[PDB]
């Protein structure tokens, strides 16, 4: 519109680099919001302007490029090298007399944490399973890669040079582990030299047990046996259900209670209710969890078989107690 631009608040992609690193940020409009070449909006008579604000709510101001450190090239801005002052929001705006559209690109430049080779706030995160293969790649270095040239990338584990076992391949820009171990948890720093400036990418690897081919395990109440618990009508009654869950995906476990057939949602009122899935223990992505059913004030109709159900993709198990 002529009076007001069509603001696309900020873009999903964030640029976060250590200071002293070359980086190129490009207009998100052409790459996600509208279908057009940059040089194709220019031909149609649309102009491309950049603004910069220090914060999300702060005021936007024009930019004047010098061409050497901050150069404006095509639909992108080049920082060679970045400075701490370069952080903020860079608004890409395309407009003509009647049309206007803009989006904000976030750019954060920081120092690495004390004694480390990375900034904990700016890290990639990847998951891997034991006994299986995992490939970690040095991400977001397209502009630094020549297909005819080997990047001569160095890999560090915990910011230190280590001796890598032959089971780890190290081909071009990727590290491949053929069989993952719990020993393999850690921070992987990838370091590449480009034009006299060192660029780095750091990935934190989380390791879990393999995906379970087994159903959950019912600890209490024990299946194939009927445990009895009966109480007075005046006092409260608490029934806990303990189950073990192998790694079936990082997800909330399916453990629930059932009275004969009802789901403890029909006549509950304030009287019966579930325990809210407390998580007792976990390691390598395997969780030992418990959910209790509580009858706060006992009645004659509450008495009966209560069955805990536990389920994953491999199967389910039910066991019941009696009041």
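Residue numbers count along the first chain shown, from 1.
Here the stretch with the larger average CA B-factor, out of 82-90 and 247-255, is 247-255. Comparing 291-299 with 59-67, the higher mean C-alpha B-factor in the PDB entry belongs to 291-299. Note on the listed residues 173, 75, 142, 230: the highest Cα temperature factor in the record is that of 230. The PDB entry assigns its highest CA temperature factor, among 264, 49, 280, 28, to 264. When the modelled residues of the chain are ordered by their C-alpha B factor, residue 195 lands in the middle third. When the modelled residues of the chain are ordered by C-alpha B-factor, residue 121 sits in the middle third. Placement of the Cα temperature factor of residue 131 within the chain: lowest third of the modelled residues, per the deposited record. Sort the modelled residues of the chain by CA B factor and residue 138 lands in the middle third. For residue 238, the recorded CA B-factor ranks within the highest third of the chain. Only modelled residues enter the ranking.
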